[PDB]
Each structure stands twice: as C-alpha cells, then as structure tokens.
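Colleague: My questions all concern the structure below.
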Amino acid sequence: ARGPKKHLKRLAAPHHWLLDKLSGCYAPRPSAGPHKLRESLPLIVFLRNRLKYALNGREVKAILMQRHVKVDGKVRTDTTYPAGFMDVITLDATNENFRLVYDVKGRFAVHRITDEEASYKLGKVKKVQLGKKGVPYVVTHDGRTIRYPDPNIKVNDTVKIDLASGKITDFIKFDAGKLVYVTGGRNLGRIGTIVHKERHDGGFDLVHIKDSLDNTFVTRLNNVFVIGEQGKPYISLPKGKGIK
Amino acid sequence: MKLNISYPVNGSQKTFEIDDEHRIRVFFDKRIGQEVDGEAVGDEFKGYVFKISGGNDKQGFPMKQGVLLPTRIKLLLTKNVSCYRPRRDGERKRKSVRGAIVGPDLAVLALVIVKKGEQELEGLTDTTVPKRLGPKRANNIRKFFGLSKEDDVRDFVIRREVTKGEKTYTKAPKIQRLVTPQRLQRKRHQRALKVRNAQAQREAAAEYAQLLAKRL
Amino acid sequence: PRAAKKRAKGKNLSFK
Amino acid sequence: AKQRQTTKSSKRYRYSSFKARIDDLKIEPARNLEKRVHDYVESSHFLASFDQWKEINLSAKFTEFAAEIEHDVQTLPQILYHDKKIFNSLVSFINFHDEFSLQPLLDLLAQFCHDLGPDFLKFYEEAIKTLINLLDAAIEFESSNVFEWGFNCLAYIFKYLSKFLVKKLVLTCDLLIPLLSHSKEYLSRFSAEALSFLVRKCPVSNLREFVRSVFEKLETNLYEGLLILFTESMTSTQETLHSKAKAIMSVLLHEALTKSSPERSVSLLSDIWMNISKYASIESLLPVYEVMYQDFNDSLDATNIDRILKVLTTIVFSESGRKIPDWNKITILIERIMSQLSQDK
Amino acid sequence: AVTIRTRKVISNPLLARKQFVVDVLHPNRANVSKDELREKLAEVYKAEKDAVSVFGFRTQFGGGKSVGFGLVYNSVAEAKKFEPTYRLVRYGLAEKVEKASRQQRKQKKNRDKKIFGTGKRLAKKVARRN
RNA sequence: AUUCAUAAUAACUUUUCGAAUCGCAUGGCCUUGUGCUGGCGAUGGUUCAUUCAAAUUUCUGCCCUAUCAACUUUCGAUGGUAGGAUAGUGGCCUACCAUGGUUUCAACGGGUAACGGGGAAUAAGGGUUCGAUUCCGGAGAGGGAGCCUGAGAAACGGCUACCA
RNA sequence: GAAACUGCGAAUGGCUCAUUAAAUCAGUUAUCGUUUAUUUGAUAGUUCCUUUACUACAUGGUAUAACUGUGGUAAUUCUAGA
Ligand SMILES: [Mg+2]
Ligand SMILES: [Mg+2]
Ligand SMILES: [Mg+2]
Ligand SMILES: [Mg+2]
Ligand SMILES: [Mg+2]
Ligand SMILES: [Mg+2]
Ligand SMILES: [Mg+2]
Ligand SMILES: [Mg+2]
Ligand SMILES: [Mg+2]
Ligand SMILES: [Mg+2]
Ligand SMILES: [Mg+2]
Ligand SMILES: [Mg+2]
Ligand SMILES: [Mg+2]
Ligand SMILES: [Mg+2]
Ligand SMILES: [Mg+2]
C-alpha cells in the first residue's frame, strides 16, 4: 500500500472476537490506542456482541455519545476505541463494572467486579528510563507513562495504578514463586506460578509455569504477566481460575 | 478595440468601443504598468493619464504580468497567481496566457485613470459607487472613525437597515478581537493553570526526593 | 478478593 | 442570549445547556397526558410503581432500598402498618442525593403519600424539608432531570393532600418561603407553580387569610415569587384565564386597597394585572375587568385614593387601550376619584 | 384465543428500555398484526403504545406460532429519541421524508459542483451576452 | 553489548516553541469598584513514550533448459578511505585506491499459456496436477519519463512532457 | 443558514495479474540503522536585566475570497480589471 489501512475484513479480524462470518463483509477496525490491534477488543464488540445491550452499530454510537461508558476512569466516545487487557469498563447507569480478562479459552470474558476493585488496575512495566530534566519514568503495557517511579520497579515487574489519579500504589517483582497469567500463545489465559526464568543471551527468554494442578508448561517471557503472589492474587480472577 | 477604463477613486468603470486605429497606435508596444496620455487617445481624454493593467485577447486569453512577449505562451501556473484558480491543493496547470506587450491581437484593454484631465467623463468622474461593507475589526473601526482609546467601538458600529414588507430592522457585524470579560477570564484561567501545574510538579519532585532519602 | 455477586420476568396476556 | 432557539434545525439530536432545559421546564403534572403506571393498581399505588421501578432503575442505592422494604410493601394493610419504617427508609435514601436513584425514590415518595394521605400529614413536615434540602443540594450538581423529579413529587403531594393543605395554605407556604425567596429565579419560579395549584383550589374565605399573610410578609425575591405564584394561578390556557381567576383578583384587590396592607402589595397587584393582561385575550378578561371596576367604585375613599389611582394607571398603561373593553367606565372612575392625593401619580 | 409471551427480558437503562423476545401463540389464525400486538404489549407493560416497538416476527413452519423481538421504552420521548427513523414511520410517529431518487440527487450534485459560487453573476453574464 | 538514557561547560542560529483561539454558565471575596478572583468543555503547542503504519534487513525454501561453461568488470563489477545524498545503513552516487565477486553443490544466458501463498482435485501410500478468482502480501491503472501537495503518492476518478 | 475562506479526507475502498525466476512470496530475524499525521499517557511560572520615550482591558495589511460592478472567448469545473 501507500499509506495506513482503514478497513478490516471479517475473515482477517482476530478470531477471539467471535464475529459471525456471514453477518457482513467488514469487521470493526480498532483505532489507534493503548493496546495493539490484535490484542484489543473494540468497544462496539464489547457492547453489542458480548453484553448484548445494543443491537447494531448505531445504538452503540448512541450509548457512547450519551457518555454512559467510562474506560480507564475516563469517558470515551469512539466506537472502535481499543479496550484491552486489564482495562476497567464502567457503566454507571447499570451500576456495572467489568475487567477485561481472557477466559481459559483465550477469549475476553465478561468479568464483573466491585467498585473497590475497579478503583485500581495492574500494568506490566515494559520500560524504565530517565526522561528529560533527569526525571525517571516507567512505561507500562497500556502505554501509561508514570513519572518518579519507585526505583526498585524494574522491567517485567507489575505496578498497581490508581485509576482516579494514575500513581503507583504498590508493585510486585518478577521472581520465582510469584503468580502469573499468560497473555499470549496456546497457553493463553492460563494462571500459574513461576518455577524458572530460563535466560538466553541475544534470544527470547523462556519461563516455566506450574499450575495448581501441578502441570508444567513453558511460555515466552513477553506473554507472562505477574498478578500476585501464590494464593493471593491482587485482582479477582474469572471462573475456573485459569485452569486448563 | 475596446477599452475598459476604471476610475478607482470613484470606484467607477465603463467600456468605450474604438474604431479609429490611431489611439491603438499610441497603445501598441506598451506594457502592463506603463502610462499613456489620454490626449493621444482622444480629445475626450485630453489631459488624462491611463495606466495599463491588463486585458483579454480576441480568443479571450488574459494578459499576464512578468512575461515580456507580444504573443501567447503556455505557462505552468501554481497557487497564488493571476489567471489561475487551483481546484485541488497543490494543483499546477499549464495554460495559455497572452503576453504583457500590447498588440493588435488584444480585444479588450483594462486601464486605470491615474490622473484626471480637463474635461469630465460622463460615466467615470461624475458618478460614484459606495463601499459595500464597513470595518469589522475593532481597531479598524477606531481607525475609520478616529476613535480615542477611552471611547468604545460598540457605539460606533456601522449598521445597515433592512426592510422586509412592513417589518424593518438593522444588522451589524460581530466585532472580532474585542476586549470583553470572557477574554480576561480565559487569560486569567490560563495563568492559574500554569502556576498550579508548576506547584504540582514541585510537590511531586519533593516527594520523590523524600522517598530516595528514606531508602538511602 | 471475591468477584461481585451475580444478580424482569415474563408476563402473559390472553385475548379474543 | 438575545435570541432563543426559535427556528429548529433539521438535526434529530441537538445540544441543550442546563439553563436552557431549566427555562423550558414547567411544573404542571396535570398537563402531562402520558399513561401513568399507578393509574393501574391491583394492591396499592406504591406497589404498582415499586414493581415497575425495580426492573428499570438498576442503581446501587435503589437496589439496596428495594431489598430493605420489599417484604413490608406487598399489601396495602402491610404498608399502613409499616408506614413509619417505609417513610424513614425513603427519607434516608433521598438524603444521599444519588442522582441515579432519585427518580424512583422521589416517585415512590409521591405514591407513598397517595396510598395513605391523611396519615401522611404527620409525615408532611419531614417530607417537605427533605425535598427542600434535595433541591438546595441539586443546585450544586447541575441536572434538569433532578429538579423535574423533585418538583413533580412536590406537586403530586399537594394534589393528594389538596383538601388538608388548602385549609392551612399559609402553613404550607411558610415551609417553602426559602424556595420562593431563593436567589435563583427558576427555583422560585418552579415552587410558585407548585403552590399555585393549591391556590386555585383554595376557597375564597381561606384564600383571603392566605393573601393577607403573604401581603404581610412583603411588608429578597419574595416579591418576584409571589408575582409568579398568582399569575400562573390565573393563566390556564393560551389567550384564556382560569374560571377562579375572578375570585382571586377580587380577593387580591380588596386586600391591596385595604389600608392595613403595605403599599408594596398594590405594586404586586399592578404587576399581576400586567402579566394576565398580556397573556389573555379580550374576551377572557371581561369577567376580570367587571369585578375590578365594580370594587373600585365600592371601595373608593380618601385613605385609599392613591392606591386606586396607582392600579388604574396600571390598567390604562397595560398594552395601551387594546385590552380595555370600554373607556367610558374608566372616565367615570376618574372623575369620581377627582371629585372625592399625589399630584405626580 | 391469542397468547402473548415475553422472555429473555433485559433492562437496558443505557437506552432506557426493555428488550425481550415475543412468542405469539395464535391457533386457528394466520398471524397477529404488529399494531394489535403493540396494543397488548402496551397494556401489559402499562406504557404508551407509542413507546412499544415490535419487529422481526417469523411464523414457525406449520403455523400456529410466531417468534420475534420487542422493545418497551420507559417513555414516549425516549422512543422518539432512540427508534430508527423507518420504524417511527411504520408506527406513524414520524412522517416519511420525500426525496428524489439517488440518481437525480447525484446529478444535481454534479451540476452544483460544476457551478462556482452563488451563480447569480453567471446568470446575469449569460443574460447580457445573449 | 554502545559514543545508550540523562546531565554539565563554551559558543552558535535569515531558526523554532513557550495559547493575541472558541462554547456553555455566573459561583466566591471584599475597602462597592462595570474592583479582585473563579467552574465545566472544545481546539491548538515543545519533547518523550504508546498505537496505527512505512522503509530496509538476517537465514532456508522456487518450473523447464548443459546441443547455455564460464560470467561480472571500458559506461561499478568485489572491497577500502573520504565526501555528497537520505528519514536513515549501504557503490545509492561522486573522487582516489587496490583486483576483486559467482561457478559442474549448474554461475551466466534462454523459455515460461510464472503474481506467490493459505488452498483445490486425485491417490491405499508415495506422488502428480491445478491455484486470475471471497483471506494475506506484491505490482499496475493505454506505453515510457518527471513531479506539486501533503505525515503518508513517483497518485493517475492529481499535474507536465513524449509515443499510439 | 446558501456561498466562500479555513481544517480534515481524497494515499482507504474496488478492479486486474501485464511485468516479475532469490525478484515477489512463506516461515523466521534485526533496527544499538530510520520517518511516523492520528489515538492514548505524561510534559513548559525562567523574578530581573538602561530609550519605562512602554498595546496586553490583546498588534498589522506588510490581504484576499465569497460579494458589488465593468468585460473577453465558438467552446471547458477558463477567467481579466476595479
Ligand atoms: Mg532484544
Ligand atoms: Mg481547501
Ligand atoms: Mg559514508
Ligand atoms: Mg568512480
Ligand atoms: Mg503472465
Ligand atoms: Mg493465487
Ligand atoms: Mg501504484
Ligand atoms: Mg484498457
Ligand atoms: Mg502515473
Ligand atoms: Mg484511485
Ligand atoms: Mg530468465
Ligand atoms: Mg533472499
Ligand atoms: Mg484525524
Ligand atoms: Mg497528544
Ligand atoms: Mg482586488
């Protein structure tokens, strides 16, 4: 092509969305945003094909511009806004709060949470660097730049972010024995505990994870997301607790 | 050939058809922006001075300034030029244009009356055309009426009366760049926001420093 | 922490 | 500001400012002709609306409210027996001022009064005080819907308690003086409509006591609130006046001309006359005109000459002479005044 | 006799309405008109007829039963606000807008883009020319 | 893994940026002044990160032909240095240098009714054939060449020349 | 609220397989080798420094369209002068 594409064929859309192949010819193309295209759920899909509150695109537009939907504690009006993993969606009129977490099948599951849980989210530390004026900052998996991080917070760690103000309440190191969640690959959506981080210079690191059933599997480090210490997750987990 | 004369000071303009070739003789070989004496053109123009502004040829192609030829040529015209209006942004078009040298191929020649002669032309100097619109910016209004700074432009806005049927009212422009309480509000709010941001950043830096001191 | 607990009924009319 | 949105765009959806909605809003529940759920009842008004609201509104507060009182609202005898607990719960949840739950709660409060009206009287004082705090709280967070819900609940209570409140109409206004005298114009405007319904339902005798009290009060924004109160009571439909309009003017006119009343009261009458005169046509004003002219002639005297002259000057100025049926009566009135004062007037 | 049955009822305060599936049992009858069904749903839900919408009704093979989808808005104004234009036209709540065929509109749009500006000056120019 | 991030010193610049923008609404202080202060939004703006993208790029894999055995290098072919150019690496181009680079493990040349793939058909299995054609990627807009605009085009339902 | 200026888009979509035999393409790598509108999150008090002889209660045409009016051409989404 000669420039960015603006259309997405239904057969080319991510499989986990569950879009009927015969319903139409095109699927919602996620706009630019915090999460990548393939790992995101546009709000139209969530409101129409998952919650069934809206019957087609147009009532979804109506709902959004009514400002009844809040993502990340902020009102969003773009139908194709790319909501993604660990994003908090609030519908105050219905008094409903959702956290986007994959099921064991690998599909974003409608997981209802309390307001107290909705007050905070988790972000994997993708980068830690000194910015201008010598101010350290951390970039999380959702593109949030948080300045003046705790200097122990390192790459691959996870930080608890307050939605209202966007500061780091607490953090978890990436160590053996911590509780992790798989965000990619065939093991997607599984929950377990670390056993070893196998390290390859100049190559992709590999992590061995043991589930509650004692089964062990290996996944690339990029697909691992720490969510707590064993037996004490910092977020409510979906039904099944990431087993199988 | 035809002369389209304009008296800009009046804003007036009129066309004179020409038959005798001698005034065209005095017209030949001249260029856009040069001046000619009306008395050579005719007694009716005795004492007048005409500046050549442009013209259109027998085929209707216009004259262009900057090209010193007596014949037509195809020029690649771009944005912000005479004789071309780009339909699309960045569009450049090759179009035929007549040269700036007056010749026998010119159908109509546009003239500007630089100076008035002895006799008064019936259609130009005798008649006047008012300005279509008045000042809209506040400073333009002040310049137009020479208003002092203390005096307000609000009372001196030019107003035009419109009568529809038996109903009648007046219309005025919306003054722009007008100093109003809202603009003061916005400026003050901007300054307050800047100072608040600075204070918040200082507090954040101090808190980070205290954290570092606690650990060390 | 525990997830939030889960939470219109059909109505019938006969005529003619 | 100068021009309202007189010409409507083809847009199906158009932005509306909070002030714009408030200006268009009018408190007149009788005017709304939509089907009301409580019109159909099997056990009680409260239960009928309560079941409906349980499904629609899903706010956290209302759900907690519904769970607490679900058992005690099944039958009307149950409601009457547990009336005290029901009212306390309603007031407590309304006090939270949660806009997502106000609409069902406020409606249920009105329907609560409907089911037990004479018994609600002991609850009347607290109910009004709660609404006043709600409306005062409503000013902070702008929501035209909240005001609409609140004042309609106030209007509904008056409708159900019309007979009792009318007997002590002065008492009802005494509760709502802060609303009628509030700094905001619309709050005074909305309340005045609510009271006016009680006013047009008032007997002439009980009306006379009421007008004297407010007339005494006039002796901040109370003047403006009363003007809206009376004028709305007069106006019923476009280019027409209410049937009881004549009685109210006769009562108002007598007290204004009475010397005990303050001079400010006559000004209020002058303002009242202007509003109705502009609003109404020739024909609907004729019964009003006749009762005024008759009373001026009857009550003419030295002590009240100046007041009569003031109101008469209001009549002649009002829309020039277009609304005046017959000028000859005014001329006759004038020469009686001159024969029987303030030169400037 | 005709039986009307509502199932899978979901409250949608986002659209301020009630969404549900309509089952119509109509023995010895071809089917029931959308109008009559709107009457009966309005009576059942204690809401205005104007606030009730019904569509997508299919008679099951062999007759005697129909299944479709139904909406009950909280009040009529919201229905006017949220309904599609065509359904409002079906219910008469809105008047059908009269427009030319797509080809005529497009041809007029082409003719309009050809002319630059108001065109009155072009009209007077052609008038004086001829 | 770094001349990384960042910071510091000295100068420099036809040299930038640091809100002369807009809607709704009228709250709070008083020394009572059209005094001071003040809310909810839109649109702009430096730098960083993220996202959508783009460009190059590491390794392995293509049908027939040896009656195509040597090819590339004069007019860049292989590599070194310096410069120009570009968003940027790089013989991409320029100046000076060396004589290099591929090949019977088929280079080079020729043919291809050659867009490639996910796939389709057949078959017991190995295999054989098809795949313009609902999805991804590449190229094109009668055939060459060159460009304005714009973040993004060598665009053609944009432009200029030449051929038909 | 026509028209016009301004901003954005028109570089997506749709069509076809001409050219192309390590080229495209599939899988797999790198950018510590570079551009990136838009989305999203952060991010900028520099007090002072001679002519203060001082606009910030807010600077200019160093300017024009639409528009008024005078015109050319057989003709075009042609346009000249004022
Ligand atoms: Mg790496
Ligand atoms: Mg433009
Ligand atoms: Mg180099
Ligand atoms: Mg060379
Ligand atoms: Mg071919
Ligand atoms: Mg193919
Ligand atoms: Mg192309
Ligand atoms: Mg062809
Ligand atoms: Mg081309
Ligand atoms: Mg195209
Ligand atoms: Mg070949
Ligand atoms: Mg290769
Ligand atoms: Mg954009
Ligand atoms: Mg930004
Ligand atoms: Mg001009």
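Chain labels A, B, ... are given in the sequence in which chains occur in the structure tokens; within each chain residues are numbered consecutively from 1, and ligands are likewise numbered from 1 in the order shown.
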Residues at most 12 Å from ligand 12, using only C-alpha atoms (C1' of nucleotides) and all ligand atoms? Could they come as a VMD selection string?
Modeller: (chain F and resid 57 to 62) or (chain G and resid 22 to 25)
Colleague: Pull N, CA and C atoms (P, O5', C5', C4', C3', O3' and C1' of nucleotides) from the residues just selected and write them as a PDB file, in the first residue's frame.
Modeller:
```pdb
ATOM      1  P     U F  57      17.618  -4.607   1.552  1.00  0.00           P
ATOM      2  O5'   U F  57      17.857  -5.453   2.877  1.00  0.00           O
ATOM      3  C5'   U F  57      18.865  -5.071   3.797  1.00  0.00           C
ATOM      4  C4'   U F  57      18.716  -5.780   5.117  1.00  0.00           C
ATOM      5  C3'   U F  57      18.527  -7.284   5.051  1.00  0.00           C
ATOM      6  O3'   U F  57      19.735  -7.984   4.823  1.00  0.00           O
ATOM      7  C1'   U F  57      17.003  -6.355   6.605  1.00  0.00           C
ATOM      8  P     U F  58      19.701  -9.474   4.227  1.00  0.00           P
ATOM      9  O5'   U F  58      20.702 -10.301   5.151  1.00  0.00           O
ATOM     10  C5'   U F  58      21.127  -9.813   6.416  1.00  0.00           C
ATOM     11  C4'   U F  58      21.057 -10.877   7.482  1.00  0.00           C
ATOM     12  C3'   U F  58      20.773 -12.290   7.005  1.00  0.00           C
ATOM     13  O3'   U F  58      21.927 -12.934   6.498  1.00  0.00           O
ATOM     14  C1'   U F  58      19.396 -11.797   8.855  1.00  0.00           C
ATOM     15  P     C F  59      21.857 -13.774   5.133  1.00  0.00           P
ATOM     16  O5'   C F  59      21.229 -15.164   5.582  1.00  0.00           O
ATOM     17  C5'   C F  59      21.876 -15.971   6.553  1.00  0.00           C
ATOM     18  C4'   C F  59      21.026 -17.152   6.937  1.00  0.00           C
ATOM     19  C3'   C F  59      20.422 -17.928   5.780  1.00  0.00           C
ATOM     20  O3'   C F  59      21.323 -18.879   5.246  1.00  0.00           O
ATOM     21  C1'   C F  59      18.750 -17.479   7.392  1.00  0.00           C
ATOM     22  P     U F  60      21.077 -19.494   3.786  1.00  0.00           P
ATOM     23  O5'   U F  60      19.713 -20.300   3.932  1.00  0.00           O
ATOM     24  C5'   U F  60      19.700 -21.598   4.500  1.00  0.00           C
ATOM     25  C4'   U F  60      18.368 -22.273   4.306  1.00  0.00           C
ATOM     26  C3'   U F  60      17.822 -22.275   2.890  1.00  0.00           C
ATOM     27  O3'   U F  60      18.402 -23.271   2.068  1.00  0.00           O
ATOM     28  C1'   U F  60      16.116 -21.636   4.382  1.00  0.00           C
ATOM     29  P     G F  61      18.277 -23.157   0.472  1.00  0.00           P
ATOM     30  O5'   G F  61      16.717 -23.308   0.201  1.00  0.00           O
ATOM     31  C5'   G F  61      16.058 -24.541   0.440  1.00  0.00           C
ATOM     32  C4'   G F  61      14.561 -24.404   0.326  1.00  0.00           C
ATOM     33  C3'   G F  61      14.042 -24.039  -1.051  1.00  0.00           C
ATOM     34  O3'   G F  61      13.964 -25.169  -1.897  1.00  0.00           O
ATOM     35  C1'   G F  61      12.961 -22.714   0.591  1.00  0.00           C
ATOM     36  P     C F  62      14.497 -25.094  -3.405  1.00  0.00           P
ATOM     37  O5'   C F  62      13.339 -24.312  -4.161  1.00  0.00           O
ATOM     38  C5'   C F  62      13.047 -24.586  -5.518  1.00  0.00           C
ATOM     39  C4'   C F  62      11.777 -23.905  -5.946  1.00  0.00           C
ATOM     40  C3'   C F  62      11.551 -23.835  -7.446  1.00  0.00           C
ATOM     41  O3'   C F  62      10.973 -25.021  -7.954  1.00  0.00           O
ATOM     42  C1'   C F  62      11.086 -21.725  -6.434  1.00  0.00           C
TER      43        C F  62
ATOM     44  P     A G  22      16.624 -15.560 -10.081  1.00  0.00           P
ATOM     45  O5'   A G  22      16.406 -14.576  -8.849  1.00  0.00           O
ATOM     46  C5'   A G  22      17.444 -14.330  -7.906  1.00  0.00           C
ATOM     47  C4'   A G  22      16.886 -13.925  -6.566  1.00  0.00           C
ATOM     48  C3'   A G  22      17.911 -13.802  -5.441  1.00  0.00           C
ATOM     49  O3'   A G  22      17.527 -12.762  -4.545  1.00  0.00           O
ATOM     50  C1'   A G  22      16.315 -15.447  -4.875  1.00  0.00           C
ATOM     51  P     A G  23      17.866 -11.232  -4.890  1.00  0.00           P
ATOM     52  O5'   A G  23      16.555 -10.713  -5.626  1.00  0.00           O
ATOM     53  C5'   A G  23      15.272 -10.928  -5.060  1.00  0.00           C
ATOM     54  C4'   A G  23      14.194 -10.253  -5.867  1.00  0.00           C
ATOM     55  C3'   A G  23      12.807 -10.249  -5.250  1.00  0.00           C
ATOM     56  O3'   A G  23      12.639  -9.231  -4.281  1.00  0.00           O
ATOM     57  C1'   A G  23      12.654 -10.930  -7.502  1.00  0.00           C
ATOM     58  P     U G  24      11.955  -9.569  -2.869  1.00  0.00           P
ATOM     59  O5'   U G  24      10.427  -9.822  -3.235  1.00  0.00           O
ATOM     60  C5'   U G  24       9.634  -8.787  -3.793  1.00  0.00           C
ATOM     61  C4'   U G  24       8.316  -9.316  -4.297  1.00  0.00           C
ATOM     62  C3'   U G  24       7.483 -10.086  -3.286  1.00  0.00           C
ATOM     63  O3'   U G  24       6.731  -9.246  -2.430  1.00  0.00           O
ATOM     64  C1'   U G  24       7.615 -11.323  -5.285  1.00  0.00           C
ATOM     65  P     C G  25       6.687  -9.542  -0.853  1.00  0.00           P
ATOM     66  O5'   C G  25       6.157 -11.039  -0.761  1.00  0.00           O
ATOM     67  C5'   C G  25       4.869 -11.390  -1.246  1.00  0.00           C
ATOM     68  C4'   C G  25       4.670 -12.884  -1.235  1.00  0.00           C
ATOM     69  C3'   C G  25       4.916 -13.564   0.101  1.00  0.00           C
ATOM     70  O3'   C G  25       3.787 -13.500   0.953  1.00  0.00           O
ATOM     71  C1'   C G  25       6.061 -14.736  -1.604  1.00  0.00           C
TER      72        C G  25
END
```
Colleague: Give as an NGL selection string every residue of chain D that touches chain F within 10 Å, counting only C-alpha atoms (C1' of nucleotides).
Modeller: :D and (16-19 or 140)
Colleague: Using only C-alpha atoms (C1' of nucleotides), which residues sit within 12 Å of residue 16 in chain G once same-chain residues fewer than 2 positions away are excluded, as an MDAnalysis selection string?
Modeller: (chainID F and resid 115 132:133 139:141) or (chainID G and resid 14 18)
Colleague: Tell me, as a VMD selection string, which residues lie within 7 Å of range 44-49 of chain F, counting only C-alpha atoms (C1' of nucleotides); anything in the same chain fewer than 3 positions away does not count.
Modeller: (chain A and resid 131 139 145) or (chain F and resid 17)
Colleague: What does the distance from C1' of residue 89 in chain F to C1' of residue 33 in chain G come to in Å, to one decimal?
Modeller: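 If I compute the distance from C1' of residue 89 in chain F to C1' of residue 33 in chain G, I get 5.0 Å.
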Colleague: Which distance in Å separates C1' of residue 102 in chain F and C1' of residue 20 in chain G, to one decimal?
Modeller: 22.5 Å
Colleague: Using only C-alpha atoms and a cut-off of 9 Å, which residues of chain D sit close to chain E? Please list them as a CSV table (one decimal) with N, CA and C atoms, in the first residue's frame.
Modeller:
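File written: out.csv
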```csv
chain,number,residue,atom,x,y,z
D,12,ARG,N,-31.7,15.7,14.3
D,12,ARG,CA,-32.5,15.0,15.2
D,12,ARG,C,-32.1,15.2,16.7
D,13,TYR,N,-30.8,15.3,16.9
D,13,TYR,CA,-30.2,15.5,18.2
D,13,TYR,C,-29.5,16.9,18.2
D,34,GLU,N,-49.3,11.5,29.4
D,34,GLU,CA,-48.7,10.2,29.3
D,34,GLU,C,-49.4,9.2,30.3
D,35,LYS,N,-49.5,8.0,29.8
D,35,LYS,CA,-50.0,6.9,30.7
D,35,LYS,C,-49.2,6.8,32.0
D,36,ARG,N,-49.8,6.8,33.1
D,36,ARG,CA,-49.2,6.7,34.4
D,36,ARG,C,-49.3,5.3,34.9
D,37,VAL,N,-48.2,4.7,35.4
D,37,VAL,CA,-48.2,3.3,35.9
D,37,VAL,C,-49.2,3.2,37.0
D,38,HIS,N,-49.2,4.1,38.0
D,38,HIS,CA,-50.0,4.0,39.2
D,38,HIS,C,-51.5,4.1,38.8
D,39,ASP,N,-51.9,4.5,37.6
D,39,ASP,CA,-53.3,4.6,37.3
D,39,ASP,C,-53.9,3.2,37.3
D,40,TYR,N,-53.0,2.1,37.1
D,40,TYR,CA,-53.5,0.8,37.2
D,40,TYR,C,-52.9,0.2,38.5
D,52,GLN,N,-42.6,-1.7,39.1
D,52,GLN,CA,-42.1,-1.1,37.8
D,52,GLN,C,-40.7,-0.6,38.0
D,55,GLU,N,-37.5,-3.0,38.1
D,55,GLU,CA,-36.9,-3.6,36.9
D,55,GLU,C,-36.1,-2.5,36.2
D,56,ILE,N,-36.6,-1.3,36.1
D,56,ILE,CA,-36.0,-0.3,35.2
D,56,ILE,C,-34.7,0.3,35.8
D,57,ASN,N,-34.8,0.9,36.9
D,57,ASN,CA,-33.7,1.5,37.6
D,57,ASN,C,-32.9,0.4,38.2
D,58,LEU,N,-31.6,0.5,38.0
D,58,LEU,CA,-30.6,-0.5,38.5
D,58,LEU,C,-29.5,0.1,39.4
```
Colleague: Using only C-alpha atoms (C1' of nucleotides), which protein or nucleic acid residues come within 10 Å of residue 130 in chain B? Drop anything in the same chain fewer than 6 positions from it, and give the result as JSON, numbers by chain.
Modeller: {"B": [10, 11, 12], "G": [68]}
Colleague: Write the residues of the selection above to a file with N, CA and C atoms (P, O5', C5', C4', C3', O3' and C1' of nucleotides), as a PDB file, in the first residue's frame.
Modeller:
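Below is the file again_16.pdb, written as the result:
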```pdb
ATOM      1  N   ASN B  10     -13.314  57.002  -7.540  1.00  0.00           N
ATOM      2  CA  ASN B  10     -14.764  56.874  -7.511  1.00  0.00           C
ATOM      3  C   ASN B  10     -15.205  55.434  -7.320  1.00  0.00           C
ATOM      4  N   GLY B  11     -14.394  54.476  -7.756  1.00  0.00           N
ATOM      5  CA  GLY B  11     -14.852  53.116  -7.903  1.00  0.00           C
ATOM      6  C   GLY B  11     -15.651  52.879  -9.161  1.00  0.00           C
ATOM      7  N   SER B  12     -15.567  53.780 -10.135  1.00  0.00           N
ATOM      8  CA  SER B  12     -16.404  53.701 -11.323  1.00  0.00           C
ATOM      9  C   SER B  12     -15.648  53.031 -12.462  1.00  0.00           C
TER      10      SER B  12
ATOM     11  P     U G  68     -23.311  39.937  -5.946  1.00  0.00           P
ATOM     12  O5'   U G  68     -22.812  41.446  -5.864  1.00  0.00           O
ATOM     13  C5'   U G  68     -23.603  42.447  -5.239  1.00  0.00           C
ATOM     14  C4'   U G  68     -23.091  43.830  -5.553  1.00  0.00           C
ATOM     15  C3'   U G  68     -22.906  44.149  -7.029  1.00  0.00           C
ATOM     16  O3'   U G  68     -24.110  44.528  -7.670  1.00  0.00           O
ATOM     17  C1'   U G  68     -20.966  44.779  -5.854  1.00  0.00           C
TER      18        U G  68
END
```
